[PDB]
Each structure stands twice: as C-alpha cells, then as structure tokens.
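Heads up, the chain below is alone and in the form deposited in one PDB entry; it's given as structure tokens.
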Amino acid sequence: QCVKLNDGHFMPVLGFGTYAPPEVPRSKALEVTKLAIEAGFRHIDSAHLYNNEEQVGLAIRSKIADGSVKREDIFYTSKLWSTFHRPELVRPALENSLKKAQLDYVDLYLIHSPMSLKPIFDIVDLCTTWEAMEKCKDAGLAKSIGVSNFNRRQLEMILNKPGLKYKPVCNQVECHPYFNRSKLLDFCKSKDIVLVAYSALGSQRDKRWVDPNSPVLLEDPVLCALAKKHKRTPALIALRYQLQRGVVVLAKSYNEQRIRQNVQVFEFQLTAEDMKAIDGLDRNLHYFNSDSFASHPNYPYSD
C-alpha cells in the first residue's frame, strides 16, 4: 500500500533501491528494475549520483510500453547532488535527470544531502536551495519534494523558513535496527514528514565508506531468531520492522530471487514483543562512516 504525503500525493511504502557500485555493469540496473516492477515494486529510488538514471528510466518506460503499469502507477525518485545546491543549479540538475530518464516528471526530488560541495566544501544557504526546489514542484518537474540525510536541526531550518511554501514530504535517512533513528522518527511524525529508510538491510558494505569490521545486520542473532519464529528471513524481518514503525522502507537487490522475496514483506506481521526485541538492537551505528563525510561542517551526525 501507500502512505499519503503532506502535499496530498501518495508514496508506496516499499521502495526498490537502484544503487550498485561501478563494478556492476550499467546494464544490470535496467534488468533488475524491470524485475522489481514485475515482482510488484512501484516505488523506485534513484539519484544523479548513481549514474543509472538512463537505465532506470528505460526500465520504467519499458514496463509502461508492454502494458504492465501506467506512469501514474510508478513513484520515481531522484535526488539533487551536493555540487548543485546553489539555487540557480537546482532546476537544471532536475531537468538533466529527467532527460537521462526520458520522463516528464519525477514523483519525488530530494536534496541528497545537507553537505554542500564545490559546484572542496561549499557554504550555501539551504533555505535558498529549498526555495528552488519549491519552484520545481510549482513547474510540475517534481510532484513532491523532500530532503535526505538531514538531522532534526537541519530539518527545522527549512520548516522555520520565512514564507515556506511546501514542507519536505519526507526525510530519507540511514535507518535499520542498529541505528533506528527513534527520536528523529518521532520528530518527523510530529510534523507529518515521512521517514524513508535506506540501508534498511544493513547497507552494501562498500569499502569506500563502510568498515568491514562493522556487524553484519542480516546475521544478527535476534533477527535470525525472529526469522525462524516466523519462517521468513532476516531481511524480511528487517523490512517489516520498518513498515510497522510507520517508516517507508527501501530495499536494494540485484538478485532475481531476493527481489521477489522482498515483496513478501506484506504477507506477515510482527507482534509487540517482536518489535521490542528489534528495538533493543539499537546501537547508534551508522554504516556510512568515512572521513569524506565526517569532516564536513554540516555533517548530519555531528548530532
């Protein structure tokens, strides 16, 4: 099903994550996005950074052309990369993503991160970036607009902006049982802003940003025990946990079996005791933990 966003548009609560590192041929994103839509995904998360918008857009267009879905049935997200925060660059970056995907509009456009980069760090007033985002929704380039990787204080900066026209509909952030974002999630709920979780399956553990020593979420003993109790899988437990918290959850998979397994999240439910057990795993662990983020003046986890 879908959640109703604070601008009246609807967002499907399970989304397909499309990122794969450069060693995976670009052609795979086309193939797996098609398999995701076939499996029943209707929300597809991409970004300029991911270098796959051509393939992902072609996958969406391919499934429209063969009669499987209509454009209105698909919720596509792209994101404004941090070198394009200066307000005059926002609409051209979005138009560029739309040209790559060959789509007339995105369902959702996010500021990918609060950490501005030289168009080397940059200093930009993100309220002016936001005004530029509001103009893209007014022009019909984006049905909805939101943010990503914002903390509470950064989110309040927007919410408190003089003459705000549109609240962010969502804040897409790292969120899983080792870093469950409870207090942020409560704040977002108090504002009717949806929290969308990425790395909900514990991340792709990419050596560029993730310490290989970090705990492997899907081997967690509590998640494994819950998967045995429910005769599901640790991944399904981890996705279902998000849905029952009122969090919209992404799941990346480039594997045909796991793509189809992931939509099973709608087929069972966790009890209050199960949810408390998963809540007990929280350990302030963000898998993305790299000098290249942590030294930035607007790093969100500076807390």
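In this text, the rigid core denotes the largest set of C-alpha atoms whose superposition between the two forms falls within 1.5 Å. Counting begins at 1, following the sequence as shown. Shifts are known only where both forms have a C-alpha.
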From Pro215 to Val216, how many deposited residues does the entry skip: none, 1 to 3, 4 to 9, or 10 or more? none
Do the C-alpha atoms of 233 to 241 or of 60 to 68 have the higher average B factor in the entry? 60 to 68
Output the stretch having the higher mean C-alpha B factor in the entry; the candidates are 243 to 251 and 33 to 41. 33 to 41
C-alpha B-factor winner, where the candidates are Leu201, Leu80, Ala197, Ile123: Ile123
Options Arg205, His112, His176, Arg86 - largest CA temperature factor per the record: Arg86
Quick tally, chain-level thirds of C-alpha B-factors: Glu134 sits in the middle
If you rank the chain by CA B-factor, which third does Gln55 end up in: lowest, middle or highest? middle
How does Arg181 rank on Cα B-factor within its chain, lowest, middle or highest third? lowest
Splitting the chain's C-alpha B-factors into thirds, which one does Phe75 fall into? lowest
Can you work out whether the C-alpha temperature factor of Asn96 puts it in the lowest, middle or highest third of the chain? highest
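The form deposited in another entry is left out here; the points below concern that form.
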After core superposition, I'd like to know whether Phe10 moves between this form and the one not shown (criterion: C-alpha shift of 2 angstroms or more). no
Determine, after fitting the two forms on their core, whether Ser295 shows a C-alpha shift of 2 Å or more between this form and the one not shown. yes
Out of closer and farther, which fits the Cα atoms of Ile158 and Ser290 in that other deposited form compared with this form, where the change is 3 Å or more? closer
Which segments, of 3 or more consecutive residues, undergo C-alpha shifts of no less than 2 angstroms between this form and the one not shown following superposition on the core? 290 to 297
